[PDB]
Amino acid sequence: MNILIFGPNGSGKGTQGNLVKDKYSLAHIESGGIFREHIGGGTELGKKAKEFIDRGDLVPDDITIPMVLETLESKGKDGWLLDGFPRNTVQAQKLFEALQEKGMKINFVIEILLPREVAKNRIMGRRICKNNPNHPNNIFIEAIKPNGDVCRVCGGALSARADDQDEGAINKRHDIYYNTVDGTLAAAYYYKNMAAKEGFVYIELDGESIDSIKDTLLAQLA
């Protein structure tokens, strides 16, 4: 079983991913760890990539893509979930041609739908209990709305991390995702539009009841 998953920052994508690869026993291949296996453990491609990195440059796709495929072959031999790559349409199209050339089928693409404005807001609405950071508090998600200026769960003092209030970096990351011309949503639409031709199933998830979404999906797989 081979899955792609797409979703903006603050859609709980990593969470849904995790739930999926547990239930179906898949290897969660994330775009960061690909470069670690390579650029760390020094593969032929890692070595060539690091020359670009060490210069202030991004890796070109004809290095990036072969790398993604090598990780999928070796770590993904029994089923994989790809999160975070492809970020764009040039990458998406190249990825898909590379996949066909190596005969790896996609079985499901998953897209977590969520409006730009609502996504920013779940990032910004997110407060951390000082007693236990796992205690989920969010001004903008009702189910988990905090209790005054203190933790919904245990009533400890809760603060904001200022990476969550960095509208600079959040909008840069979202300008890329919600880019329907050639960015991440364009990458997902590209797959959506060939789902039937290629015979994979494309699953849309309403990103706005954390565990009623976790079985709109569990239901739709195998």
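Don't overthink the numbering: it's just position in the shown sequence, from 1.
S209 preceded by how many uncoordinated deposited residues after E208: Per the record, 1 to 3 deposited residues are absent between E208 and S209.
Averaging C-alpha B-factors over each stretch, which comes out higher, 213-221 or 1-9? Result: 213-221.
Quick one: higher average CA temperature factor, 153-161 or 39-47? So the stretch with the higher mean C-alpha B-factor is 153-161.
If I read the C-alpha B-factors straight from the PDB entry, which of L95, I112, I139, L81 is highest? Answer, based on the entry's C-alpha B-factors: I139.
Residue, from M124, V118, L72, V90, that the PDB entry assigns the highest Cα B-factor: When the deposited C-alpha B-factors of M124, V118, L72, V90 are compared, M124 is largest.
Using the B-factors in the PDB entry, rank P146's C-alpha atom against the chain and give the third, lowest, middle or highest. For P146, whose C-alpha B-factor we compare with every modelled residue in the chain, the answer is the highest third.
How does the C-alpha B factor of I106 compare with the rest of the chain: lowest, middle or highest third? Middle third.
Please rank the C-alpha B-factors of the chain's modelled residues and tell me whether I34 sits in the lowest, middle or highest third. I34: CA B-factor falls in the middle third of its chain.
Ordered by C-alpha B-factor within the chain, which third holds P60? Give me lowest, middle or highest, please. Tercile = middle for this residue's CA B-factor.
Entry-reported Cα temperature factor of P86, expressed as the chain third it lands in: Lowest third - that is where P86 ends up once the chain's C-alpha B-factors are sorted.
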